[PDB]
Amino acid sequence: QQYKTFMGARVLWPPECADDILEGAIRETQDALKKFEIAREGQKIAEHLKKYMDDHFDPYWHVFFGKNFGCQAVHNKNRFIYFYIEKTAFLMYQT
Amino acid sequence: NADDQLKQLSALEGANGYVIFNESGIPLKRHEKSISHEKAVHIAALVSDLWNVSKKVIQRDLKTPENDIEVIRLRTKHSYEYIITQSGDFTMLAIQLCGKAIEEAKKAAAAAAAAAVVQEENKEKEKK
Amino acid sequence: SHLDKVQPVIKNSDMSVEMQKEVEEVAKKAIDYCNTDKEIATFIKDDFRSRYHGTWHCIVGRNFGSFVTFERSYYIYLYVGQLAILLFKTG
Amino acid sequence: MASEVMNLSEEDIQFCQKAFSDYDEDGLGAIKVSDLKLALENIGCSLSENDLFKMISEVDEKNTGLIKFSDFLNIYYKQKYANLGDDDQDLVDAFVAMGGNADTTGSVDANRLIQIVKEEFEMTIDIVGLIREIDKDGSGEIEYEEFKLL
Amino acid sequence: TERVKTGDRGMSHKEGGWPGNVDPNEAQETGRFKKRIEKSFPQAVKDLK
Amino acid sequence: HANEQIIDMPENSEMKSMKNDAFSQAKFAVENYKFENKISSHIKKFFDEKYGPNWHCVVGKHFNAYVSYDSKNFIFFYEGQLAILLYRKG
Amino acid sequence: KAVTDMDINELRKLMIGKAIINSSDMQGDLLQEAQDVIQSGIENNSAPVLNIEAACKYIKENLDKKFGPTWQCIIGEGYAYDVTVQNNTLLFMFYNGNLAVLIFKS
């Protein structure tokens, strides 16, 4: 439950996801937001992130990002990444 | 000394009650005929909003430099009159009535006195 | 000298002291700027919304009773004259 | 740093007008209240909800800085289009003016004549055309029509 | 995602504006305060009246 | 009031109950638990016993998500104000 | 007699059960449930002297259980307020006399 800030993004201090992959995913999400805002056409940015994960990581990645939501899921070892950027929290688990 | 002014205000013909407001809005003294404190709390809030808005409006809305309202008099239906005068940091509201209104009030007072006399007579009869 | 005269007093405060001091200046500025009480409520909500992002509900009246569900430490209660400046941010 | 971009001037100028209007203070910064000041002065929108809607949709917001100017830059683009309809006479004229105008004649009179049970079936129609023709050119223009009808 | 805390508090503003130190409900607090104001006050009331 | 929902479940293939169970479970679970995190765990557990494992469900009042799911195993519906999304992957 | 005989003091004394609705923005079926609950609750908690805090506490608790977790309602003699609420979540009704009631869902 102890949130930590890394590379300008707030995420769980103990990282469920791999340190290498988690940093890449956070950088990609920040770049995507810089281009497309969450508030307008928010569905498009989430879809782009999911396709990007398949290109550089194992396939069938699940990506869910919302301002307020609660979820519990089963994921592969070191395949779960949860982080908060500004007021938006992005959670992705690889299946 | 201060008490005498309230008695003097009542003495003036056509005067119903007097209410005094502090800069904060607390009512210093109010007339006994009119509701005390509950009416004063309700009257002080309305006059401050009106006096402050009018004072602010004259200086900016009318575009007149160094012009300040001295007395505001609101004439409504029946005999109601509500002259407002501000001295130092204290502003008060005075409620006075017209001649007809005063006559009506006197008649009402006379009727009340008559009713009281009738009640006394009834009590005497009961005692007898 | 009118600003000295109003002497706004906060009966109940649930906010940081530095933030609370800023609210007093905005409250005094809003009353002189707004011709009517209805305008004062709109001005306070707009200034706070610009200063802090979120949903702000502000109600000011001579006599009223209020029970609200606001974010903790985002509710400041101050009374000036017969006007109550009450702002409570709800998520 | 422009790069060959004509763009509209009517709107581009409007923004600057309303902008400097409230920004006249020359503070160099812009708040969330100033943005509404303009619309509040002229009364563009009914409530701040309107301006706040579009603005908020832009991306985000804060207390005060300067980027707030975007409110005006985008405000001009939310004006969109107007359209309304006024009067019922003009339509009547156009019903007879098939060339989609006041001009030409007798053909519209014959159109009225098709299935016409009106009195003075054709002599009355010719008399009406003459009455509606003040300048003697054998036609009734819109101004003559209006005078005739009123 | 963390849910912002929601606290429910009910208050009454029916009582007129008063200084924080003084208590509106208590008669003693209001009575002492009014006496202090008229301590100045005497000249204004005759003049105002 | 759940005006628009996405339904992708088999009809008259004897798996018709999965759609019915999701609507019934969401209404009962959401009212009693009254927690976003708890609703996802309860809905996932009931579905897991009845139709096997590898089921992921996320419940949020407002959220945007993109995911890959097995065909005819994904149903999206709104239970009152709350929105619940449940699907089976793997 | 009739309206001429009636006075503001007389009208308030004559009827205390009269219900007046000034602003409606919530669905009518929802309003009927809310109106019955607020009128019954205020009278029960009115006591010897009406308490603004007492009426709001009872209304706030009943509304939270009845519809949603975060429900805010404010009642005052006179007030000016700007409130942002969800569609069909705000109902405004003032009771006979100097009693203004505002209930909204956030």
# chains A, B, ... in the order shown; residues from 1 in each chain; ligands from 1
$ interface_residues --of "chain B" --to "chain E" --cutoff "8 Å" --atoms "only C-alpha atoms" --output "mmCIF file with N, CA, C and O atoms, in the first residue's frame"
data_model
loop_
_atom_site.group_PDB
_atom_site.id
_atom_site.type_symbol
_atom_site.label_atom_id
_atom_site.label_comp_id
_atom_site.auth_asym_id
_atom_site.auth_seq_id
_atom_site.Cartn_x
_atom_site.Cartn_y
_atom_site.Cartn_z
ATOM 1 N N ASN B 1 -28.090 57.765 31.011
ATOM 2 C CA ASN B 1 -27.834 58.737 29.913
ATOM 3 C C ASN B 1 -28.131 58.064 28.570
ATOM 4 O O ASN B 1 -29.004 58.572 27.843
ATOM 5 N N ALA B 2 -27.454 56.948 28.284
ATOM 6 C CA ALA B 2 -27.635 56.175 27.028
ATOM 7 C C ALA B 2 -29.070 55.640 26.956
ATOM 8 O O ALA B 2 -29.660 55.656 25.859
ATOM 9 N N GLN B 5 -31.894 58.057 25.546
ATOM 10 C CA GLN B 5 -32.057 58.216 24.071
ATOM 11 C C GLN B 5 -33.118 57.226 23.576
ATOM 12 O O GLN B 5 -34.007 57.651 22.819
ATOM 13 N N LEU B 9 -36.482 58.294 21.671
ATOM 14 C CA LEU B 9 -36.888 57.820 20.319
ATOM 15 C C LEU B 9 -38.357 57.387 20.364
ATOM 16 O O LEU B 9 -39.108 57.749 19.436
ATOM 17 N N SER B 24 -19.267 44.997 13.238
ATOM 18 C CA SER B 24 -19.322 43.514 13.173
ATOM 19 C C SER B 24 -20.719 43.068 12.729
ATOM 20 O O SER B 24 -20.805 42.123 11.923
ATOM 21 N N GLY B 25 -21.769 43.759 13.189
ATOM 22 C CA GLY B 25 -23.159 43.407 12.841
ATOM 23 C C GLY B 25 -23.972 43.007 14.060
ATOM 24 O O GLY B 25 -25.161 42.671 13.894
ATOM 25 N N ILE B 26 -23.353 43.031 15.241
ATOM 26 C CA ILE B 26 -24.068 42.717 16.512
ATOM 27 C C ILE B 26 -25.065 43.854 16.761
ATOM 28 O O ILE B 26 -24.680 45.014 16.540
ATOM 29 N N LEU B 28 -26.541 46.396 19.124
ATOM 30 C CA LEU B 28 -26.289 46.960 20.477
ATOM 31 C C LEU B 28 -27.602 47.022 21.270
ATOM 32 O O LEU B 28 -27.728 46.262 22.250
ATOM 33 N N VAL B 41 -30.991 40.517 14.952
ATOM 34 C CA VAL B 41 -30.006 39.698 14.184
ATOM 35 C C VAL B 41 -30.446 39.671 12.717
ATOM 36 O O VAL B 41 -29.579 39.831 11.837
ATOM 37 N N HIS B 42 -31.753 39.528 12.474
ATOM 38 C CA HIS B 42 -32.290 39.482 11.089
ATOM 39 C C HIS B 42 -32.257 40.876 10.452
ATOM 40 O O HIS B 42 -32.012 40.951 9.234
ATOM 41 N N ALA B 45 -28.363 42.013 9.572
ATOM 42 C CA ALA B 45 -27.776 41.370 8.374
ATOM 43 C C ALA B 45 -28.273 42.062 7.097
ATOM 44 O O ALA B 45 -27.434 42.361 6.226
ATOM 45 N N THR B 85 -29.419 55.810 9.512
ATOM 46 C CA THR B 85 -28.377 56.848 9.689
ATOM 47 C C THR B 85 -27.124 56.204 10.287
ATOM 48 O O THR B 85 -27.254 55.505 11.306
ATOM 49 N N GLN B 86 -25.921 56.417 9.714
ATOM 50 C CA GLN B 86 -24.695 55.834 10.247
ATOM 51 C C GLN B 86 -23.831 56.885 10.957
ATOM 52 O O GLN B 86 -23.476 57.869 10.336
ATOM 53 N N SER B 87 -23.520 56.642 12.233
ATOM 54 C CA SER B 87 -22.659 57.550 13.035
ATOM 55 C C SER B 87 -21.410 56.761 13.440
ATOM 56 O O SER B 87 -21.576 55.699 14.067
ATOM 57 N N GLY B 88 -20.217 57.263 13.099
ATOM 58 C CA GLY B 88 -18.962 56.535 13.423
ATOM 59 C C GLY B 88 -19.078 55.119 12.846
ATOM 60 O O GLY B 88 -19.398 54.998 11.649
ATOM 61 N N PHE B 90 -21.225 52.843 14.005
ATOM 62 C CA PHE B 90 -22.569 52.309 14.343
ATOM 63 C C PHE B 90 -23.641 52.883 13.407
ATOM 64 O O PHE B 90 -23.720 54.114 13.252
ATOM 65 N N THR B 91 -24.448 51.992 12.826
ATOM 66 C CA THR B 91 -25.569 52.362 11.918
ATOM 67 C C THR B 91 -26.861 51.805 12.526
ATOM 68 O O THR B 91 -26.852 50.622 12.916
ATOM 69 N N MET B 92 -27.932 52.601 12.574
ATOM 70 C CA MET B 92 -29.193 52.126 13.204
ATOM 71 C C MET B 92 -30.375 52.242 12.234
ATOM 72 O O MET B 92 -30.289 53.036 11.282
#
$ residues_around --residues "residue 68 in chain F" --least-positions-apart "2" --cutoff "10 Å" --atoms "only C-alpha atoms" --output "ChimeraX atom specification"
/A:50,59-63,95 /F:66,70-71,74,87-90
$ atom_distance --atom1 "CA of residue 81 in chain B" --atom2 "CA of residue 95 in chain B"
5.4 Å
$ residues_around --residues "residue 57 in chain G" --least-positions-apart "2" --cutoff "12 Å" --atoms "only C-alpha atoms" --output "number ranges by chain"
C: 65-69; E: 8-12; G: 38, 41-42, 45, 51-55, 59-64, 71-75
$ atom_distance --atom1 "CA of residue 10 in chain G" --atom2 "CA of residue 32 in chain G"
28.9 Å
$ interface_residues --of "chain D" --to "chain C" --cutoff "12 Å" --atoms "only C-alpha atoms" --output "list in words"
residues 30, 31, 32, 33, 34, 35, 36, 37, 40, 47, 48, 49, 51, 52, 55, 56, 60, 61, 62, 63, 64, 65, 66 and 68 of chain D
